[PDB]
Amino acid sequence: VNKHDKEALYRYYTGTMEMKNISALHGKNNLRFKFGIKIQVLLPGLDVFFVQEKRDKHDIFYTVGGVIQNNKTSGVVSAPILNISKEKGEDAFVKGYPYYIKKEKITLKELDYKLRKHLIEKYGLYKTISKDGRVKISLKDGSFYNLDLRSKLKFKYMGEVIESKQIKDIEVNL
């Protein structure tokens, strides 16, 4: 029901902070910890992917999903193939290259957010390119995830965790 246009999406997937050293402790399953910034995380279903959704009347910053327990961020490197495809329009291109992930396990939230942010900077998504696009993230077991670019990621998919090794290719269509 809450509609998101190009401007709304662009503003969300730009301005993000990884906290890879937390020990946190609620309504619909939430956690609380300081950073002296008092933070709360909603659990859609310690390393956390922090994206500000809301800041309460007295300085309690809210985010959704992103929390991964016992994760290695240094020493590990997964490079699945990112295949970008804009087939019809003013400038039609195909572009395949490795998408570097320096994390053992990665939340769908971060992969989505960081992947979209990349399409804004380099290809001009939600700026010069249309918001009308899809993304398929294929795993080695043949399973996959679908990101619709027309709307921002539904909160109830941000609690999903992904083994970085298991990702083989990310297919973006514009």
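Note that residue numbering begins at 1 and tracks the sequence as displayed.
Gap between residue 15 and residue 16: 1 to 3 deposited residues without coordinates. Going from residue 45 to residue 46, the model skips 10 or more deposited residues, which lack coordinates. When the C-alpha B-factors of 99-107 and 67-75 are averaged, 67-75 comes out higher. For the pair 55-63 and 126-134, the mean B factor over Cα atoms is greater in 55-63. Considering 139, 37, 120, 149 together, the PDB entry gives 37 the largest C-alpha B factor. Ranked against the other modelled residues of its chain, the C-alpha B-factor of residue 49 as given in the entry falls in the lowest third. Looking at the C-alpha B-factors along this chain, the one for residue 32 belongs to the highest third. In this PDB entry, the Cα temperature factor of residue 153 sits in the middle third of its chain's modelled residues.
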